[PDB]
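Trainee: Okay, handing you the structure first.
Since every read-out is calculated from the coordinates, none of them should be taken as a lab result. We place every Cβ from the backbone using ideal geometry, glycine too, and count neighbours over all the protein chains shown.
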Amino acid sequence: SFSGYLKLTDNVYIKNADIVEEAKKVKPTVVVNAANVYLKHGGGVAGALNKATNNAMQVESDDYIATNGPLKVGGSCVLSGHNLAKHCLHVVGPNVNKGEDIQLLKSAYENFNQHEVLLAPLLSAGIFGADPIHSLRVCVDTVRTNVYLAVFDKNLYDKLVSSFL
Ligand SMILES: COc1ccc(NC(=O)Nc2cccs2)cn1
């Protein structure tokens, strides 16, 4: 199972790790993707998870979008986890760099509550432009299910742990 995670709360754990490498090792039931509404997995966690699936995630996502249209900011969809997980929960956190509403971050994390356990990144952090300390705070105050957070950046990981209230 998940190893080397620091316990933050009863249900939130954190580790300085590459979510692609964590997913290939654990093969969790659910890996969360930091998706956009179009499921265009270009960069950040999305680009990395998609590249690990040899673009199979993007092919499946384009078929999903062709059928269903775009997701909502704060929304999600469950697709295959390919070689990474049983399922991938594609969750759209607000992208502050695209001028999206930061209040939608709590709605985005609510999607995690539909799954007992998840391997996940911090939503809206990194290239999405939100403050990762705020994202972790919203995560621990919103998610009630077991969430194993993988934070790629070591310095950010240390900052998150040392400032956690
Ligand atoms: C948040 O941005 C990222 C970017 C990259 C990553 N992981 C990777 O790229 N992993 C790779 C495995 C093998 C070859 S490259 C995670 N997070």
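Trainee: List every residue whose amide H lies under 5 Å from the amide H of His87, counting only residues 5 or more places away in sequence or on a different chain, with H placed 1.01 Å from N in the peptide plane.
Mentor: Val30, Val31, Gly81
Trainee: Quote the charge dipole size of the chain about the Cα centre in Debye, to the nearest 20; the model charges only the Cβ of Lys and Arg (+1) and of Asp and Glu (-1).
Mentor: The dipole magnitude comes to about 220 debye.
Trainee: Starting from 0.36 nm per residue, how many nanometres of slack lie between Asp10 and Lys159 once their C-alpha separation is accounted for?
Mentor: Gain in length upon complete extension: 51.6 nm.
Trainee: Provide the percentage of antiparallel DSSP beta bridges, counting only those with both residues in the chain; round to the nearest 5.
Mentor: Of all bridge pairs located within the chain, approximately 30 percent are antiparallel.
Trainee: Let me ask you something else. Compute the projected area of the convex hull of the Cα atoms of region 1-143, averaged over all viewing directions, and report it in nm² to one decimal place.
Mentor: Hull-based average projected area comes out at 7.6 nm².
Trainee: Please state the relative contact order of region 44-165 as a whole percent: Cα pairs under 8 Å, 6+ residues apart?
Mentor: Worked out over region 44-165, it gives 19 percent.
Trainee: May I pose another question? What FRET efficiency comes out for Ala56 versus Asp131 if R0 is 41 angstrom and r is the Cβ-Cβ distance? Round to the nearest 0.05.
Mentor: So the FRET efficiency works out to roughly 0.80.
Trainee: While we're looking at this one, here's another question. Output wanted: per-residue J couplings in Hz (rounded whole) for region 58-72, from phi through Karplus 6.51 cos²θ - 1.76 cosθ + 1.60, θ = phi - 60°, x for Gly and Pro.
Mentor: Calculated HN-Hα couplings, in order: 5, 4, 5, 5, 5, 5, 4, 5, 4, 7, 9, x, x, 6, 8 Hz.
Trainee: Now a separate question. May I ask you to sort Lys40, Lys154 by Cβ crowding, counting other Cβ atoms within 10 Å and putting the fewest first?
Mentor: Fewest-to-most Cβ neighbours within 10 Å comes out as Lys154, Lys40.
Trainee: OK, next. Once label points are set 7 Å from the Cα along Cα→Cβ at both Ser80 and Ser3, what is their separation, rounded to one decimal in nm?
Mentor: 2.9
Trainee: Can you pull the percent of Cα pairs in region 110-159 with separation above 16 Å?
Mentor: 37
Trainee: How large is ³J(HN,Hα), in whole Hz, for each residue of region 123-131 in order, when computed from phi with the Karplus curve 6.51 cos²θ - 1.76 cosθ + 1.60 and θ = phi - 60°, using x for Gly and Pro?
Mentor: Per residue, the Karplus-derived 3J(HN,Hα) values read 5, 6, 7, x, 5, 6, x, 7, 6 Hz.
Trainee: Continuing with this model, one more query. So if the hydrodynamic radius of region 1-43 is defined as the Kirkwood radius over C-alpha pairs, what does Stokes-Einstein give as its diffusion coefficient at 25 °C and 0.890 mPa s, in µm² per second?
Mentor: Estimated diffusion coefficient is 201 µm²/s.
Trainee: What FRET efficiency would be calculated for the residue pair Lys98, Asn68, taking the C-beta separation as r and a Förster radius of 22 Å, to the nearest 0.05?
Mentor: The calculated FRET efficiency here is 0.55.
Trainee: Now for a separate question. Return the sequence-ordered ³J(HN,Hα) values of region 21-31 in whole Hz as given by the Karplus equation 6.51 cos²θ - 1.76 cosθ + 1.60 applied to θ = phi - 60°, using x for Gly and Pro.
Mentor: Taking θ as phi minus 60°, the curve returns 5, 4, 5, 4, 7, 7, 6, x, 5, 10, 10 Hz for region 21-31.
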